[PDB]
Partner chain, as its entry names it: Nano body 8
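Only one chain is shown below, in structure tokens, and it's the form deposited without its partner chain.
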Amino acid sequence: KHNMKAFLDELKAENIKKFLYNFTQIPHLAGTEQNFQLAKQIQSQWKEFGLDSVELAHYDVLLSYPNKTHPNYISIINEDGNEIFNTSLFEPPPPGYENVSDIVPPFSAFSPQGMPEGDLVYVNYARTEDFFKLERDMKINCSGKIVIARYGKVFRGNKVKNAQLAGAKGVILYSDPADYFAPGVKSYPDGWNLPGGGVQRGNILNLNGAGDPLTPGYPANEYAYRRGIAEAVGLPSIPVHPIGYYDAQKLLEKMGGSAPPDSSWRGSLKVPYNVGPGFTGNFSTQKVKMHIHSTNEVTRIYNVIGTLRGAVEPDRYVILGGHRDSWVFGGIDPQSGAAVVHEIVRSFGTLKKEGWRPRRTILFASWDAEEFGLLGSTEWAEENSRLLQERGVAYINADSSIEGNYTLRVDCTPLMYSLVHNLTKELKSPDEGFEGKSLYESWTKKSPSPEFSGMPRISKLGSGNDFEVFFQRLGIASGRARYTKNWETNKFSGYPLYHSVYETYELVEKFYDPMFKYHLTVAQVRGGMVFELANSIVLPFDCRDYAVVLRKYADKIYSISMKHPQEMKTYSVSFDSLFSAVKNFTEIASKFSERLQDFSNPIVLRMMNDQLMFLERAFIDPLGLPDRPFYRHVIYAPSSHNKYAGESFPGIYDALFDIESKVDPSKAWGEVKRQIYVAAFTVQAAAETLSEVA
């Protein structure tokens, strides 16, 4: 038989291992020849594996690279203008790779050029609350200063935006051992910790879902009209550069001015973590000078798009996508995901060669330039948005399969919760101590839901990966799953060697997953989801799970507002419409579920499958969220303070955020009430798509 079990049994840990090795021998940076040749290899192999069609879709997008003959670095400069300390020009390469040539040195992609020189201010993680503490409580002014911030907690592009708005003339980002060195484990190559010369690469854009900075709204094809660089979307306005903790210590050790305000501001280096501005008495005449000479350049990128045509509903698409471009070797990010996608395609292709086809079409995607701001997935979705919004059932992401070995981590729409619970109940746990137990059992024990007992935690979707355009812009049900660590306060920081030259095949094979059993478990979860979405007769979406979370999110946003009861009385701020809409959604969803269970009629089936598919699409507002036109989902958006985190009722949340500091409270509370109306209307409108159709 050709059922899910046949699909899952065909997946092999050894094939994932072979593919990971094959994908991680040389760098695959977006826009380079090496990454194009890998695209061509994947296209060939996907054809060999049995897909019906495999094409490259290319776009010409803005990328950013350092200048090979004018390197980026930071100095401490004395009063005479002598540079008395320089940061490193490259990461010491790992054993056996000291002769690879095109390793991009650490840089912050899309930094502008400049040579600012000034006094340092240390800003902890440069979060919104860290800048509030500095400016409002400590009365430290960042205007015209160079800020130094530790990586961790939030997306680095939020740090840079926060620093810009504080008036900084430059930003230095560094990896503190408190966040990137787990106690009792050795540095690479002898363990999985970050060495003091290691550096986290990464883009610092604030695109808000736009994709290529030069072509927001439209694919960057051959005839595209491009904005001038001056009007580009999302580019930072001050220079930025990342460094390791050896270099950081040299910059921080001389810092004077004010003491850190409390211990949550101190990392693990042997320095005071003084906030500054500037250095202590003897060194008060020294400054810090940045030298950034990176260039933005329009460059071709290539997505590989494979199709497996559905036997019954070929005009319904289930998409499995993950990226292929990496900062250097991409041992975990993304090749641990891409190797899993490759084995999934191979398994589906094996069933196809035996005469099986899925009910619905499955599309497989190897995205390019994810690391430069989701550019490949976003441009392709802009080009195909009409097909996707009328035909897209679901998107399953597949970036890194492992970021640890402790338990499963899942973020997805409420519509997929029941599908995930059911699938993980049928899969074996790979975990030591849980042999013979289901993955659901181990995951639930190690990652319990805060709300419901005997249930695992599943988080909200924000941004940070290639599902962003499908879910936040187009309203296609989306999910992602990976194996993760037991390190709660680090859930947005990345594993220690994230975006460093040390993320290699050897890292994975020696320290993360020697038997590739976590990779296999993740392949079964991602592949199993895709199989069910593409083959179930009734789409495996449960609208009642949306009703449950909408009530939770309504209670949550109400409680935030209720911290200001006098203003709610004065401006007559009522959440009654929103609770009414949620109650209506609950009632209608319950009746729809009864009809779904209680209807031979393929028109009623498809009519009902269309109601399930368009339910996610009903939460899209075509006017978008305030000043973020490409974030259109009214229930979820990437947090305005941390792109990696999803926020619920984001329009209301942002209207209430720091509202007590607004200078026209009438206007601020007016905007809260406007966002309550937009949310109540959208919840009711979504509920009405589940009513009887006539």
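Positions refer to the first chain, counted from 1.
Just so it is clear, the following notes concern the form solved in complex with its partner chain, a form of the same protein that is not shown.
Practice task
Verify the flagged residues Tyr65, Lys68 and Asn203 against its partner chain in the deposited complex: is each one within 4.5 Å by a non-hydrogen atom?
Solution key: No, none of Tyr65, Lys68 and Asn203 comes within 4.5 Å of its partner chain in the deposited complex.
Problem - its partner chain in the deposited complex: contacting segment from 476-484, 261-269, 114-122, 244-252, heavy atom within 4.5 Å - result: One stretch meets the cut-off, namely 244-252.
Exercise for the section: Tell me, out of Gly167, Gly196, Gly191, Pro540, which residue has a non-hydrogen atom within 4.5 angstroms of its partner chain in the deposited complex. Expected result: None of the other options qualify; the answer is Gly196.
Practice task
Find the only residue in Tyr502, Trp443, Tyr174, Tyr546 having a heavy atom within 4.5 Å of its partner chain in the deposited complex.
Solution key: Spelling it out, the residue with a heavy atom inside the cut-off is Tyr502.
Problem - in the deposited complex, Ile84 touching its partner chain (heavy atom, 4.5 Å) - result: Output for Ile84 is yes: heavy atoms within 4.5 Å of its partner chain.
Problem - in the deposited complex, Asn78 touching its partner chain (heavy atom, 4.5 Å) - result: It does: once its partner chain is placed as it appears in the deposited complex, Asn78 has a heavy atom within 4.5 Å of it.
Handout entry: Touches its partner chain in the deposited complex: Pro92 (any heavy atom, 4.5 Å)
Key = The answer is yes: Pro92 has a heavy atom within 4.5 Å of its partner chain.
Practice task
Consider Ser88 of the chain shown here, and say whether it contacts its partner chain in the deposited complex, taking contact as heavy atoms within 4.5 Å.
Solution key: Yes.
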